[PDB]
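Undergrad: Dumping the structure here so I can ask a few things about it.
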Amino acid sequence: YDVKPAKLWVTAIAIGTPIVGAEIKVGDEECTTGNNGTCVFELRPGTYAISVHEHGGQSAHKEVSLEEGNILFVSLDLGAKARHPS
Amino acid sequence: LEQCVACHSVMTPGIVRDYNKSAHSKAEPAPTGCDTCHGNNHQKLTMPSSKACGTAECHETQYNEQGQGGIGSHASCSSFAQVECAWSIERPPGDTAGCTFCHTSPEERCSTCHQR
Amino acid sequence: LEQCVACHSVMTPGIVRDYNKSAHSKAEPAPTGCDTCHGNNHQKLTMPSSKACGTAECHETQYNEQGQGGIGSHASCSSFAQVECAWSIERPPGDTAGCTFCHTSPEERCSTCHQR
Amino acid sequence: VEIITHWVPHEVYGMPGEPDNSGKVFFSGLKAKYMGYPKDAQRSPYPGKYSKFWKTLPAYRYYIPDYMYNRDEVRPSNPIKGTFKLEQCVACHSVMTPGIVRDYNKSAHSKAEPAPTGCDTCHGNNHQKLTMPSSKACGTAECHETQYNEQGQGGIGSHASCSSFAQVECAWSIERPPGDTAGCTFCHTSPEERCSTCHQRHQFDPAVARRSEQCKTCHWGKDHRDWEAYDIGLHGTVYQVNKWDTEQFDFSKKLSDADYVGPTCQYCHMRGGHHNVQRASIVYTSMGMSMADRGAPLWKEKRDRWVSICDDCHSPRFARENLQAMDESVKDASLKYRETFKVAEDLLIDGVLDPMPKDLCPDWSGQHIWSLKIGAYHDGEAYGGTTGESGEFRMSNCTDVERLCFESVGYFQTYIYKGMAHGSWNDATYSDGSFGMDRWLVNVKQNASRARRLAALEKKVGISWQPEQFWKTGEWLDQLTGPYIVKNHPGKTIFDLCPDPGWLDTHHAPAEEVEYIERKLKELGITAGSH
Amino acid sequence: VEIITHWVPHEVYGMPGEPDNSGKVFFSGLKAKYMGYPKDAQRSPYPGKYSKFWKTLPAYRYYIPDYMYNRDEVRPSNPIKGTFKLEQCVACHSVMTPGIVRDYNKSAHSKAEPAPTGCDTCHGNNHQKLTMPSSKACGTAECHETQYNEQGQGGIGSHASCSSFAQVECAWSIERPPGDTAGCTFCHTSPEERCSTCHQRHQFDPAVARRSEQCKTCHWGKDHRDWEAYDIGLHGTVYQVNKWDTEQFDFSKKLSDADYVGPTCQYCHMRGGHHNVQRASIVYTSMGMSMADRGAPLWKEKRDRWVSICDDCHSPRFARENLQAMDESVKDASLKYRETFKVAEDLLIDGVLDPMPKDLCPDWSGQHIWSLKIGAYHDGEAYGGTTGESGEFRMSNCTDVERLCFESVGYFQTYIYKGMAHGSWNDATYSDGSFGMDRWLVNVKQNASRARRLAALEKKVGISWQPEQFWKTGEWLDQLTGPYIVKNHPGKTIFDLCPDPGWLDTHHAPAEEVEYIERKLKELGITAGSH
Ligand code: HEC
Ligand code: HEC
Ligand code: HEC
Ligand code: HEC
Ligand code: HEC
Ligand code: HEC
Ligand code: HEC
Ligand code: HEC
Ligand code: HEC
Ligand code: HEC
Ligand code: HEC
Ligand code: HEC
Ligand code: HEC
Ligand code: HEC
């Protein structure tokens, strides 16, 4: 029997615009965002802590409980202070 | 996914008719299904933006291509032109409702040009 | 009817699998479908009793036959034995929950013996 | 019907005081020096905490094969010598043990490429240093690690612990002489230890493993009418009527793709083919003896998951509310038992229990603790033992009242839970169900009435009643561990004598389960329990 | 559930004092005047020693047909006259009794050449002089002498003697009105008297006879859970799962060629198709109520033979050791019963048993001998009867203590023997096995305690307890043989009134059996037993 892993999308926003180069921590996994501002994680069932950090000093946190074969998109806005020139 | 299709095939028939015609439904080893774009939890449904389509695993190429656009392009028609639209802000909403519906699409929704 | 079948084929697969095997589904000129036994309005669904099956247009013969039974038969096992069951009335429900599930069936539900 | 003492050659008739192990016929089995189990026979000691008091037979070697067989200090002698190739195994046994080879040949193990899984793969090459393959042998990474690990996911009361906890540390088994409780070794060790369960050796057919009856050989009878409840329920009616109709039941299909007309044990409990059989269970309730409202908001996800299984053939409402009825039937059951235990508890506090615990033959520990005393609910003088320590819960060596309590909760109540869970309405009412608990309450009342009427008379007449000798000692009672421990190790208990850590000490509840409870409890605002 | 006294027309309600044979409804069966069995009804007397006291029903004519049907004096009337050809039997019965002809036409008998074994061959040509064919009719030299002789090789407690001994001299059947024990006639006579057993008439299919379920119709229930033990065991699990799979169980094969995945009753007991079903038995132990260590060196050769049967699908060691476990369970069971019996025996010796045998209704014999008295072990004034004479072993017309003792050895103990023998671990433990005896031991002790406490109180207060009238007489008790003998033949017993030689007088153990035992006792140096 194969336990189908959950798929978690995490989007980092700064009042609408995607944050480039933000680091998203979900469980033990780390992803540094591209132009999307979106990281996709494939995770085994369980409860996880999502944390989005960006070099400006802004952070967003959300705790998520994932079942078997769950698909969840998470959208976290870090405010206007997370918007940096170029 | 089976459940999305079965239920919506009657509830919103046209969406399922379209989906079944799409390459997404026929994709292997796993199809890009309703759940792939919208989520599994019906209480935690999401609407997929250009960012969702433009993930590295999927259509990053087209997202990045579009994103190469400058001011007055499909890359900025929402974020600049519409989000900072003087008249839209100035007026009651509805006066310029059409502007939201028109301007956001190219940048935010990839159902543009090739319909969902 | 098409909609009942399509939706339930995924939502409650076993029921549709059973229905498709049944003679009811194959009946002409019109099938005895989910709607025939349950209704069309999903907000006004009904559960078909022996009275529903035993309509003159359908299976009045079997209904009348069963109804010929006296005390302690399939004709009275709900209306007498169970509805006026001393112990069931006396006790909390659940103490004698099984009695409701067992006694009512032959008289009230024709899914007895030949399963739905 | 008589105890026939004629016809049978006279020379074989057993006479008083003669050994029982002579093989002479003793009428009704009377007047014979109880010789006891062959302590000289080449065998292995049981593993675990109570190893020192575990009296074993030779037969017991096969049942925990890792410790009790495969060791060079314990391996049974075999007449056949030499180290053989697979072709040799098959050639020789095909006539020596013909059934085994017919089986092995049918099995896929024999056809496996490039190399087959042959006798020697599971048993070895040296016919002197033969091994017996345990669950671990099947569950190698190279082989069947998946199913092994799945099964091991099980917690207490599962196929993962049914030997190492429930049997290796089985109160009665330890207390009594083996043979009394032989069937317990043969039944408990299997699922955890021998992967020939459900899919029998040496054929190992998944097709036959997927059949309901497979589960009946253990899940039946007095303290778990699982099979009987399933079988007689409408699911079992459907099963029996249809099980050889291929259009209704196709056993070749994997459970994942299984589209039966009705459900099998495996369809619900081994959903998806998951070898953890307990994977969908809500909470462990000591066999259904302990009580819990499974419909309650706390277990909403776990009961919803159950509704998702029934969903395959019923509307969510139908199942949801049916599983609710079970909960009510479970709650109304424990109500009855509380009144039953009250009547029993009263006779102990009042002290007019006939007899008191202190007068009975000492329990497996050597202590005189009350039978029905649940440690985490009872403490005081009249109970006995240290704080929070339970008695030896049993139906034997005790008062009728103590007996009829155990019976009521440990048999009859478990017919209401499993009866209602499986759709057998009679198992939860008339057939020793609710109405059985009724019967026993009446029997317990009357058995208190008598114990009071007498003890009141003996006071007003001034006789001091002496508990009879048969409460203290007796031919059987004397063979138990209690009397041994009292005599031989006077200032200690069995727990004192067996200090080493138990199964509970090493094996914990999963973290994800503890987390879920805490989350759901704070979610609803209900306080926790004590130690 | 009520005693419903409504709806049904009143005209048919029986009122107090009215005859029970009127056909009127008596609520809960109360208030009716007992008319007894129809003694005017044309029927046969039973054969054997106790013919005079054997009350019979018309139906019994079929069950021992040579004596009860085939004699001119007894043969029942028939409305159809004439002597007929076979063609005529078939043509007429094809409509009159369709199923019989359907079965006959399927049978090999009908197809036989040069002449078929037709209705007339088994029943006769003259419709006014019809006969029912017994085992003797089938077992003629010209026909099936082989199977008859095979079956006839059986000793006491076999298919050879189950009518002539067990049933014809059945204490309870003789004692009671007929109908009370009607089922005993219908069950016991069949194997010995009628060869339509196992292979049903009129099809007589050996293929159906090879199925395990054939045995269940007799080999089940309270005093021999043979079927239940087999069925629920892993052999029975394997059987139920595979029995309709021709690749696993081929019933068209003869038993000599049987290559099943698992064993059938026939596979083990009718090895090679031998009709002596007891052929492989080690020693008769009175349904397993009597105790023997079958694994003892005395029975080595006989146990070895059993291992030879298991050998087919198991290693000798595995089978030997498993059957050794059975032996241990059997010995440990009798240990318990010895303790149980002691409690009961002490009540009798101390004279505090409530009541003593003298105050009970007279037994079938017309005596007041203790129920549990075994003549070979018990002698004294308290026990009653002559030296060496046993009591009427029963569960009826006795004390609770006597009854529970009977139940413990006569029911629960047999579940341990049969359970362990057939691989049902729960039958030997939880399911009224070992733990059944445990529960009954408690029940006996409690009943002993209460009786002793009352006797002590009555002594001190100066009451001499007069045993109640219902122990002596009652509506049912009055209809028994005991009261009749005491009243009508005052000085004598049933043995006096039936002086003819019994089955045991004319039937002895085979020479080879005595020869084997004597040889083995000398070989091992064990003392021979007494009468
Ligand atoms: C010991 C721990 C075990 C091992 C190793 C295996 N099993 Fe089983 N098993 C059972 C069933 C009902 C099936 C069919 C499952 C389905 O339809 O999906 C199986 C199947 C297997 C298989 C085949 C692998 C596959 O699914 O493709 C293997 C290799 C296997 N099992 C190994 C039932 C039971 C069972 C009854 C409760 C027990 C105790 C075990 N299985 C134990 C083991
Ligand atoms: C509505 C949803 C649109 C569709 C469909 C297409 N285009 Fe578009 N386009 C749209 C907007 C709102 C804008 C820019 C708004 C702004 O920020 O100023 C554009 C931009 C272009 C441009 C660039 C114009 C410029 O001044 O540089 C081009 C060349 C263009 N669009 C072409 C184009 C073509 C060829 C399309 C069909 C395939 C198309 N667009 C679709 C809105 C929408
Ligand atoms: C449960 C759902 C039942 C099934 C399936 C069958 N029967 Fe039944 N039967 C049932 C009840 C509850 C009752 C009577 C209860 C009462 O009011 O007293 C009956 C009644 C009968 C009777 C009459 C009994 C009598 O005392 O007169 C018969 C002869 C009978 N049932 C037979 C029967 C047969 C042959 C069935 C299978 C085809 C059958 N029943 C199904 C409950 C249920
Ligand atoms: C005997 C060899 C067994 C067979 C065959 C099957 N099971 Fe079992 N099961 C067995 C034991 C001894 C135990 C637990 C003992 C203990 O430690 O308490 C179990 C446990 C279960 C459970 C869990 C019950 C609970 O936790 O309260 C379930 C749900 C279960 N078993 C189901 C099950 C099914 C469906 C089987 C057939 C495929 C099956 N079991 C086989 C012993 C045996
Ligand atoms: C072949 C036709 C068999 C004969 C003859 C006997 N047994 Fe058997 N037995 C057989 C099978 C196919 C199985 C199932 C194996 C499994 O994996 O479960 C069994 C099972 C048993 C068991 C229980 C299984 C176990 O604990 O190992 C026992 C105890 C057992 N068999 C013993 C046994 C004895 C003593 C027999 C002779 C009287 C015997 N079996 C006959 C196949 C066959
Ligand atoms: C689905 C329709 C089922 C089938 C088929 C069988 N059982 Fe079951 N079982 C089912 C439910 C809904 C429950 C109650 C779960 C709860 O906690 O609410 C059970 C219960 C059991 C248990 C006890 C589990 C526990 O206490 O944790 C056991 C041991 C068990 N069932 C075994 C079992 C067996 C052997 C079956 C085949 C005969 C069987 N079950 C059938 C649902 C279903
Ligand atoms: C008449 C012949 C029916 C047709 C056509 C269908 N169903 Fe039915 N259904 C029928 C009966 C007699 C019953 C029992 C009613 C009761 O009071 O218990 C049912 C029951 C259901 C249920 C609920 C019971 C359950 O098993 O969960 C559902 C959800 C249901 N039926 C759905 C259903 C569907 C989807 C059908 C079309 C395929 C359908 N039914 C056909 C009688 C009849
Ligand atoms: C009823 C008609 C029976 C059928 C069918 C079968 N058996 Fe039987 N068996 C029956 C009786 C009444 C008795 C003995 C009664 C007595 O006089 O004590 C027996 C005896 C046996 C025995 C011997 C038991 C003993 O203690 O020695 C065996 C081993 C036996 N029967 C097995 C058996 C088998 C395997 C059958 C199916 C093929 C079978 N019996 C059919 C009654 C009936
Ligand atoms: C059940 C315990 C049986 C009783 C009682 C009798 N027979 Fe039987 N018989 C039985 C079986 C299981 C079989 C098949 C055995 C086999 O060899 O495979 C038989 C077979 C016969 C046959 C066919 C002989 C042959 O060619 O193999 C005959 C003619 C026969 N039996 C006759 C017979 C008679 C006359 C009986 C009464 C004394 C009798 N049988 C009893 C099972 C049982
Ligand atoms: C082989 C594995 C067996 C099958 C299949 C059945 N039984 Fe058996 N039976 C078997 C053994 C090893 C024993 C013990 C014999 C001994 O004394 O060692 C028995 C016992 C009986 C008995 C008692 C016989 C006696 O001598 O007292 C009976 C009456 C009996 N078995 C009947 C029986 C029936 C009816 C079966 C089918 C359901 C059956 N047995 C299965 C071995 C095997
Ligand atoms: C010759 C015949 C062989 C050969 C070449 C092999 N085996 Fe055996 N085996 C044989 C016999 C006669 C016996 C039974 C001995 C007895 O009890 O009387 C066995 C026994 C086994 C066993 C069972 C051991 C036990 O019960 O504890 C096993 C597991 C076994 N044999 C396996 C085996 C293997 C793997 C072989 C090939 C390497 C093999 N045997 C060869 C007879 C013979
Ligand atoms: C490794 C080598 C092993 C070991 C130690 C065991 N088995 Fe298996 N098994 C193995 C193979 C290569 C196969 C063939 C199918 C496959 O590649 O998965 C099997 C087959 C089975 C099956 C399925 C049989 C079928 O489909 O008909 C079962 C149920 C099975 N094996 C069980 C099993 C058990 C219980 C074992 C230990 C006693 C065991 N196996 C050992 C490879 C290997
Ligand atoms: C019910 C009773 C019964 C009715 C009353 C009568 C008269 C008998 C007779 C006996 C006797 C006698 C024996 C011998 C044993 C003893 O201890 O006295 C008894 C055996 C018995 C077996 C044999 C089981 C074994 O030996 O292992 C079987 C199969 C019996 C079954 C019948 C039964 C058919 C369903 C019914 C009714 C009775 N018996 Fe019996 N009998 N029997 N029995
Ligand atoms: C359990 C009980 C029960 C739960 C408490 C209730 C209320 C009933 C009701 C009755 C009554 C009343 C009768 C009529 C007889 C009488 O003496 O009062 C009783 C009959 C009954 C039968 C008929 C058998 C016959 O007539 O030969 C059947 C088949 C019953 C079975 C159900 C059962 C299903 C498994 C459960 C649970 C109960 N009964 Fe009943 N009932 N019943 N019964």
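Going through the structure tokens in order, the chains are called A, B, and so on, while each chain numbers its residues from 1 and the ligands are numbered from 1 in the order shown.
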Env of residue 34 in chain A: 10 Å cut, atoms = only C-alpha atoms, seq-sep filter 6 positions within chain, self excluded. Answer as a list in words.
TA: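 Close residues of residue 34 in chain A: residues 18, 19, 20, 21, 22 and 23 of chain A; 55 and 56 of chain B.
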Undergrad: Just list the residues in range 399-469 of chain E DSSP gives helix (DSSP H, G or I) on the backbone, as a PyMOL selection string.
TA: chain E and resi 400-422+434-461+469
Undergrad: Excluding residue 46 in chain C and residues on its chain fewer than 6 positions from it, collect all residues at most 12 Å away from it, counting only C-alpha atoms, and give them as a PDB file with N, CA, C and O atoms, in the first residue's frame.
TA:
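result-v4.pdb, written as the output of this step:
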```pdb
ATOM      1  N   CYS C  34     -34.049   5.665  -9.768  1.00  0.00           N
ATOM      2  CA  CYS C  34     -33.865   6.227  -8.439  1.00  0.00           C
ATOM      3  C   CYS C  34     -34.995   7.205  -8.126  1.00  0.00           C
ATOM      4  O   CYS C  34     -35.511   7.214  -7.009  1.00  0.00           O
ATOM      5  N   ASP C  35     -35.364   8.018  -9.125  1.00  0.00           N
ATOM      6  CA  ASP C  35     -36.361   9.069  -8.980  1.00  0.00           C
ATOM      7  C   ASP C  35     -37.746   8.460  -8.769  1.00  0.00           C
ATOM      8  O   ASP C  35     -38.573   9.039  -8.065  1.00  0.00           O
ATOM      9  N   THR C  36     -37.983   7.290  -9.375  1.00  0.00           N
ATOM     10  CA  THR C  36     -39.264   6.609  -9.274  1.00  0.00           C
ATOM     11  C   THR C  36     -39.513   6.181  -7.830  1.00  0.00           C
ATOM     12  O   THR C  36     -40.651   6.183  -7.375  1.00  0.00           O
ATOM     13  N   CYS C  37     -38.444   5.829  -7.110  1.00  0.00           N
ATOM     14  CA  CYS C  37     -38.568   5.291  -5.764  1.00  0.00           C
ATOM     15  C   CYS C  37     -38.255   6.353  -4.709  1.00  0.00           C
ATOM     16  O   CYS C  37     -38.656   6.201  -3.557  1.00  0.00           O
ATOM     17  N   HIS C  38     -37.540   7.421  -5.098  1.00  0.00           N
ATOM     18  CA  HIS C  38     -37.005   8.365  -4.123  1.00  0.00           C
ATOM     19  C   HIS C  38     -37.502   9.790  -4.358  1.00  0.00           C
ATOM     20  O   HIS C  38     -37.486  10.602  -3.434  1.00  0.00           O
ATOM     21  N   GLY C  39     -37.914  10.092  -5.597  1.00  0.00           N
ATOM     22  CA  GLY C  39     -38.358  11.432  -5.949  1.00  0.00           C
ATOM     23  C   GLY C  39     -37.299  12.193  -6.744  1.00  0.00           C
ATOM     24  O   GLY C  39     -36.149  11.762  -6.822  1.00  0.00           O
ATOM     25  N   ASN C  40     -37.702  13.332  -7.319  1.00  0.00           N
ATOM     26  CA  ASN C  40     -36.851  14.101  -8.213  1.00  0.00           C
ATOM     27  C   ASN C  40     -36.153  15.225  -7.455  1.00  0.00           C
ATOM     28  O   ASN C  40     -35.008  15.556  -7.758  1.00  0.00           O
ATOM     29  N   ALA C  52     -45.136   1.745  -1.279  1.00  0.00           N
ATOM     30  CA  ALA C  52     -44.620   2.320  -2.512  1.00  0.00           C
ATOM     31  C   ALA C  52     -44.406   1.227  -3.560  1.00  0.00           C
ATOM     32  O   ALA C  52     -44.725   1.425  -4.731  1.00  0.00           O
TER      33      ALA C  52
END
```
Undergrad: Could you report the residues within 9 Å of ligand 11, using only C-alpha atoms and all ligand atoms, as a VMD selection string?
TA: (chain D and resid 61 to 62 69 75 to 97 118 to 128 130 to 132) or (chain E and resid 311 314 to 320)
Undergrad: With 9 Å as the cut-off and only C-alpha atoms counted, what is the closest atom pair between each nearby residue of chain A and chain D? Distances in Å to one decimal, ordered by chain and number, as a Markdown table.
TA:
```
| residue | atom | partner | partner_atom | distance |
| --- | --- | --- | --- | --- |
| A:1 | CA | D:274 | CA | 5.8 |
| A:2 | CA | D:272 | CA | 8.9 |
| A:46 | CA | D:512 | CA | 7.3 |
| A:47 | CA | D:512 | CA | 8.4 |
```
Undergrad: As a VMD selection string, please: every protein or nucleic acid residue near ligand 10 (cut-off 6 Å, counting only C-alpha atoms and all ligand atoms).
TA: chain E and resid 212 215 219 226 to 227 230 263 to 265 268 281 to 285 287 418 421 to 422
Undergrad: Could the residues that lie within 9 Å of ligand 5, counting only C-alpha atoms and all ligand atoms, be listed as a PyMOL selection string?
TA: (chain D and resi 62-63+98-100+103+186-187+190+194-204) or (chain E and resi 233-235+237-238+258-264+267-268+306-314+318-323+420-424)
Undergrad: Now that the selection is made, can you save its residues with C-alpha atoms as a JSON list (two decimals), in the first residue's frame?
TA:
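In the end it all went to part_36.json:
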```
[["chain", "number", "residue", "atom", "x", "y", "z"],
["D", 62, "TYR", "CA", 6.97, -22.96, 16.44],
["D", 63, "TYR", "CA", 4.85, -20.07, 17.68],
["D", 98, "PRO", "CA", 3.20, -34.22, 0.12],
["D", 99, "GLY", "CA", 0.69, -31.49, 1.03],
["D", 100, "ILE", "CA", 3.46, -28.95, 1.68],
["D", 103, "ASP", "CA", 1.17, -26.01, -1.75],
["D", 186, "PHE", "CA", -1.68, -21.00, 19.41],
["D", 187, "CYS", "CA", -4.04, -18.08, 18.79],
["D", 190, "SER", "CA", 0.21, -16.15, 15.08],
["D", 194, "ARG", "CA", 3.79, -15.87, 11.63],
["D", 195, "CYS", "CA", 2.90, -14.25, 8.31],
["D", 196, "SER", "CA", 1.19, -17.48, 7.29],
["D", 197, "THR", "CA", -1.91, -15.95, 8.91],
["D", 198, "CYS", "CA", -4.80, -15.20, 6.52],
["D", 199, "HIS", "CA", -2.78, -16.43, 3.53],
["D", 200, "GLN", "CA", -1.94, -19.99, 4.59],
["D", 201, "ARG", "CA", 1.38, -21.71, 3.97],
["D", 202, "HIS", "CA", 2.74, -23.04, 1.84],
["D", 203, "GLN", "CA", 0.48, -21.72, -0.94],
["D", 204, "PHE", "CA", 0.30, -18.11, 0.35],
["E", 233, "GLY", "CA", -10.33, -24.25, 13.48],
["E", 234, "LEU", "CA", -7.85, -23.49, 10.70],
["E", 235, "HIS", "CA", -8.69, -26.80, 9.01],
["E", 237, "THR", "CA", -11.32, -22.21, 7.84],
["E", 238, "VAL", "CA", -9.27, -23.68, 4.98],
["E", 258, "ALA", "CA", -7.72, -37.36, -1.83],
["E", 259, "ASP", "CA", -5.12, -34.62, -2.30],
["E", 260, "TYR", "CA", -6.99, -31.74, -0.64],
["E", 261, "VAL", "CA", -5.27, -28.59, 0.60],
["E", 262, "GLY", "CA", -6.81, -29.25, 4.03],
["E", 263, "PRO", "CA", -8.40, -32.31, 5.75],
["E", 264, "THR", "CA", -12.05, -33.34, 5.98],
["E", 267, "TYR", "CA", -9.81, -37.57, 5.41],
["E", 268, "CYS", "CA", -8.83, -38.32, 9.02],
["E", 306, "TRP", "CA", -2.32, -40.33, 13.90],
["E", 307, "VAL", "CA", 0.99, -38.57, 13.20],
["E", 308, "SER", "CA", 1.08, -40.60, 9.95],
["E", 309, "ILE", "CA", -2.21, -38.96, 8.92],
["E", 310, "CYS", "CA", -1.04, -35.44, 9.83],
["E", 311, "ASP", "CA", 2.27, -36.30, 8.12],
["E", 312, "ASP", "CA", 0.47, -35.67, 4.83],
["E", 313, "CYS", "CA", 0.70, -31.89, 5.28],
["E", 314, "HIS", "CA", 2.92, -31.39, 8.36],
["E", 318, "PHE", "CA", 4.78, -30.50, 14.47],
["E", 319, "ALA", "CA", 1.84, -32.92, 14.57],
["E", 320, "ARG", "CA", 3.18, -35.05, 17.42],
["E", 321, "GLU", "CA", 3.78, -32.00, 19.62],
["E", 322, "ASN", "CA", 0.42, -30.42, 18.79],
["E", 323, "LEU", "CA", -1.38, -33.61, 19.85],
["E", 420, "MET", "CA", -7.79, -29.36, 20.95],
["E", 421, "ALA", "CA", -8.15, -32.44, 18.73],
["E", 422, "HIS", "CA", -9.63, -30.42, 15.86],
["E", 423, "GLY", "CA", -7.57, -27.24, 16.32],
["E", 424, "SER", "CA", -10.23, -24.98, 17.88]]
```
Undergrad: Give me, as a short mmCIF file (atom, residue, chain, number, x, y, z; two decimals) with N, CA, C and O atoms, in the first residue's frame, the residues of chain C touching chain D, with the criterion being at most 8 Å (counting only C-alpha atoms).
TA:
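Okay, iface_22.cif is ready:
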```cif
data_model
loop_
_atom_site.label_atom_id
_atom_site.label_comp_id
_atom_site.auth_asym_id
_atom_site.auth_seq_id
_atom_site.Cartn_x
_atom_site.Cartn_y
_atom_site.Cartn_z
N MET C 11 -20.44 8.90 -5.78
CA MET C 11 -20.73 9.31 -4.41
C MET C 11 -21.08 8.10 -3.55
O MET C 11 -20.60 7.98 -2.42
N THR C 12 -21.94 7.22 -4.09
CA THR C 12 -22.31 5.97 -3.45
C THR C 12 -22.21 4.84 -4.47
O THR C 12 -23.23 4.30 -4.90
N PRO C 13 -20.98 4.44 -4.89
CA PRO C 13 -20.78 3.56 -6.04
C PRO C 13 -21.59 2.27 -6.01
O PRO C 13 -22.20 1.89 -7.02
N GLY C 14 -21.60 1.61 -4.85
CA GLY C 14 -22.24 0.31 -4.67
C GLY C 14 -23.72 0.32 -5.04
O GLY C 14 -24.23 -0.65 -5.61
N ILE C 15 -24.40 1.42 -4.71
CA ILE C 15 -25.83 1.55 -4.95
C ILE C 15 -26.09 1.54 -6.46
O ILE C 15 -27.01 0.88 -6.92
N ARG C 17 -23.97 0.40 -8.81
CA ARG C 17 -23.57 -0.92 -9.29
C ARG C 17 -24.74 -1.90 -9.16
O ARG C 17 -25.02 -2.65 -10.10
N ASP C 18 -25.41 -1.86 -8.01
CA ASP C 18 -26.55 -2.71 -7.72
C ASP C 18 -27.71 -2.36 -8.65
O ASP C 18 -28.31 -3.25 -9.25
N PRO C 92 -34.32 2.93 27.74
CA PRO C 92 -33.68 3.91 26.86
C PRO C 92 -33.55 3.33 25.45
O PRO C 92 -33.49 2.12 25.28
N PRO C 93 -33.52 4.18 24.39
CA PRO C 93 -33.31 3.69 23.03
C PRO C 93 -31.83 3.37 22.87
O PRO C 93 -30.97 4.08 23.39
N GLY C 94 -31.53 2.27 22.17
CA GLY C 94 -30.17 1.78 22.09
C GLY C 94 -30.02 0.48 22.87
O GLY C 94 -29.36 -0.46 22.43
N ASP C 95 -30.67 0.45 24.05
CA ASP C 95 -30.84 -0.79 24.79
C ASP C 95 -31.50 -1.81 23.87
O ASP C 95 -31.10 -2.97 23.84
N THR C 96 -32.49 -1.35 23.10
CA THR C 96 -33.27 -2.21 22.23
C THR C 96 -33.29 -1.64 20.81
O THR C 96 -34.28 -1.81 20.09
N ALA C 97 -32.19 -1.00 20.40
CA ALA C 97 -32.10 -0.40 19.08
C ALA C 97 -32.24 -1.48 18.01
O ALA C 97 -32.93 -1.28 17.01
N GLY C 98 -31.59 -2.62 18.25
CA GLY C 98 -31.59 -3.74 17.32
C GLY C 98 -32.99 -4.23 16.99
O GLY C 98 -33.23 -4.77 15.91
N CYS C 99 -33.92 -4.03 17.93
CA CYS C 99 -35.29 -4.50 17.78
C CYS C 99 -36.00 -3.70 16.69
O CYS C 99 -36.80 -4.26 15.93
N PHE C 101 -34.45 -2.23 14.16
CA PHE C 101 -33.77 -2.53 12.91
C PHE C 101 -34.22 -3.87 12.35
O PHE C 101 -34.18 -4.08 11.14
N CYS C 102 -34.63 -4.78 13.24
CA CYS C 102 -34.96 -6.15 12.85
C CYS C 102 -36.45 -6.29 12.53
O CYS C 102 -36.81 -6.91 11.53
#
```
Undergrad: Using only C-alpha atoms and all ligand atoms, which residues have at least one atom no more than 6 Å from ligand 12? Output them as a list in words.
TA: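 Residues lying within 6 Å of ligand 12: residues 107, 108, 109, 112, 117, 133, 137, 138, 143, 195, 196, 204, 205 and 206 of chain D.
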